[PDB]
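Take a look at this one chain, the form deposited in one PDB entry, written out in structure tokens.
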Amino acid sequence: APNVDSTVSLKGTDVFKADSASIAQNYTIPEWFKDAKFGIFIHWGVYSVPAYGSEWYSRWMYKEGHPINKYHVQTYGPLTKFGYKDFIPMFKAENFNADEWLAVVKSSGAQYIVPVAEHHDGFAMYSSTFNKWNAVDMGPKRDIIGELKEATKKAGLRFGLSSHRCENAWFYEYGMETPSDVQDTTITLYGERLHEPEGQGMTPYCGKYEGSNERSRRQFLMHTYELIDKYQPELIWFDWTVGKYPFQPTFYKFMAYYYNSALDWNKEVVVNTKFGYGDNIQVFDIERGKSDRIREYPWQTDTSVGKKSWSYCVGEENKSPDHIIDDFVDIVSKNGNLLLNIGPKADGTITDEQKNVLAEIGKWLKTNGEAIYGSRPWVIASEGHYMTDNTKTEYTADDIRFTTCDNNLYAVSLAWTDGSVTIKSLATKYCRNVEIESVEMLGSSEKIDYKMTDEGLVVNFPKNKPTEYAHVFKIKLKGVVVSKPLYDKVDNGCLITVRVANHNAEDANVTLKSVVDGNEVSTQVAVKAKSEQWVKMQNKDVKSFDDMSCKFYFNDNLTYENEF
């Protein structure tokens, strides 16, 4: 018997209390998530029935004049005869098969699966007790989440799920401003019918509208406790409004109960949020942005295989496997995981086109997975590379992404060349006693011709492509390598961030020197054998960040200077 008035687990474990300091004291992001790299998101629900391509159909159909409202009144009927609830009898899922879904997910090389347990629209995809608008009692008349959990265990993968229910508090607000079934306030599917919280984007401020109330906060705990107690997910992903200030005390109660319960399961778990919580007590799920930097904290990022939509819509144009694999490699090199979405038809079938994209990804990982699974960032993630034209810029073989695992260096070219590439990150100035022991291309039987030069490691491509899309050189080397330095302003000075890899079998002592506007900062760092570390330095008394002179030395070699 679970109790939303207590964060203590069913077995009596109370290590975690519902506050940030408690969580940070006892929780650590698990190694399985960092090792896994790749999961599949599955946006499937009542919104798949109209097949419009939008999980926000339920919101906009009640906005008089909106394209979706106009579509819905013509296609299905007036909002008073045909509300969102009235799609539910059509959501029969006659061809849903949990084992077939998992066979697709497994075929992709993905290591965890994230079905939607409940979106903003109020319909539980699982066996809910308090929410009578659920898939066991209605629609498919089966426990979709339960069947996926059992299928995932037999498939040998890890089971996660997502909750978007927090937004149900306000999602249907427009139904109260035009004649509609939402105005029957006894229909609990349509939530609290509040105004959407204010705030531009990923911000905890909510303005005049909290976006939740006492009852929806209570139902959120009943909802998450249900999922925790019935399905023991290893990962729970949340949509953005759980970080609004009025919701945070409630969210911390859930986190404490989840992390306490996980201790009893002897399983380490992950929470994803988009903002509001520290990067050490959960795993940020964020857009990639334009930065080429490795992130210090593990993170996740999501994209759909569909170019137009996440949930199914007719006339979907799917992305190419080349597109997804190149982005996947970029993400993994910068310490991220990819959560890739597919959108099955309302009847439960994953489209042939989306099956084919996942299978091609899995074929690529069959040959190249050594560079991906269990890897960590190297010292630097990449090299290579408003226009008012179509510039048709694409990746070439000079666009390289790096990972490391078991002291091996993997250099992934994001396109083919019949010639050679030069790994510029291994140029003389970045290196101390680097000696290349061997170079191979993953999946190729051809001996790779390479030459270490002062400009970097020249690698000649073999004559036969082992796979399409991206091409992995596995490099065994000894020596110490340092990254290009990164600069950030921090009041009257600048922070300097550098990563150092010691590929030697012996510990190495390494001197880094930053000279900014004459001010010299040195650090002596002991880097253990076959290990990497971040190194942070700060120069003081920098009058202008945009105008400073910068010189950076690695064991008395000039590695960087901004003379331009």
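In this text, the rigid core denotes the largest set of C-alpha atoms whose superposition between the two forms falls within 1.5 Å. Residues carry their position along the shown sequence, with the first being 1.
Asks: Count up the deposited residues without coordinates from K308 to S309 and drop the result into none, 1 to 3, 4 to 9, or 10 or more.
Replies: Count of unmodelled residues in between: none.
Asks: Out of 80 to 88 and 247 to 255, which stretch has the higher average CA B-factor listed in the record?
Replies: In the deposited entry, the stretch with the higher C-alpha B-factor mean is 80 to 88.
Asks: Would you mind comparing 344 to 352 and 279 to 287 for me and telling me which has the higher average C-alpha temperature factor in the entry?
Replies: Result: 344 to 352.
Asks: Among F171, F130, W265, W378, where is the Cα B factor highest in this entry?
Replies: Out of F171, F130, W265, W378, the record gives the largest C-alpha B-factor to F130.
Asks: If you check the C-alpha B-factor for each of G443, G479, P233, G207 in the entry, which is highest?
Replies: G207 has the highest C-alpha B-factor of those listed.
Asks: Using the temperature factors of the C-alpha atoms in this entry, rank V459 within its chain: lowest, middle or highest third.
Replies: It belongs to the middle third of the chain when residues are ordered by C-alpha B-factor.
Asks: If you rank every modelled residue in this chain by C-alpha B factor, which third holds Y487: lowest, middle or highest?
Replies: Within its chain, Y487 is a highest-third residue by C-alpha B-factor, going by the deposited values.
Asks: Relative to the other modelled residues of the same chain, rank the CA B-factor of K424 and answer lowest, middle or highest third.
Replies: CA B-factor rank for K424: middle third.
Asks: Lowest, middle or highest third of the chain for the C-alpha temperature factor of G191?
Replies: Within its chain, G191 is a middle-third residue by C-alpha B-factor, going by the deposited values.
Asks: Looking at the entry's B-factor column for C-alpha atoms only, identify whether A397 ranks in the lowest, middle or highest third of its chain.
Replies: As the PDB entry reports it, the C-alpha B-factor of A397 lands in the middle third of its chain.
The same protein has a further form, the form deposited in another entry, not shown here; the description that follows concerns it.
Asks: Which one of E437, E287, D137, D99 is the only residue whose C-alpha moves by 2 Å or more between the shown form and the other one, after superposing on the core?
Replies: Result of the comparison: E287.
Asks: Comparing between the shown form and the other one on the rigid core: C-alpha of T393 shifted by 2 Å or more?
Replies: Yes, the C-alpha moves 2 Å or more.
Asks: Say whether the C-alpha atoms of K290 and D547 sit closer together or farther apart in the other entry than in the form shown here, given that their separation changes by 3 Å or more.
Replies: Result: farther.
Asks: If the C-alpha spacing of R288 and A117 moves by 3 Å or more in the other entry, is that a move closer or farther apart?
Replies: It is closer: the C-alpha separation of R288 and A117 falls by at least 3 Å in the other entry.
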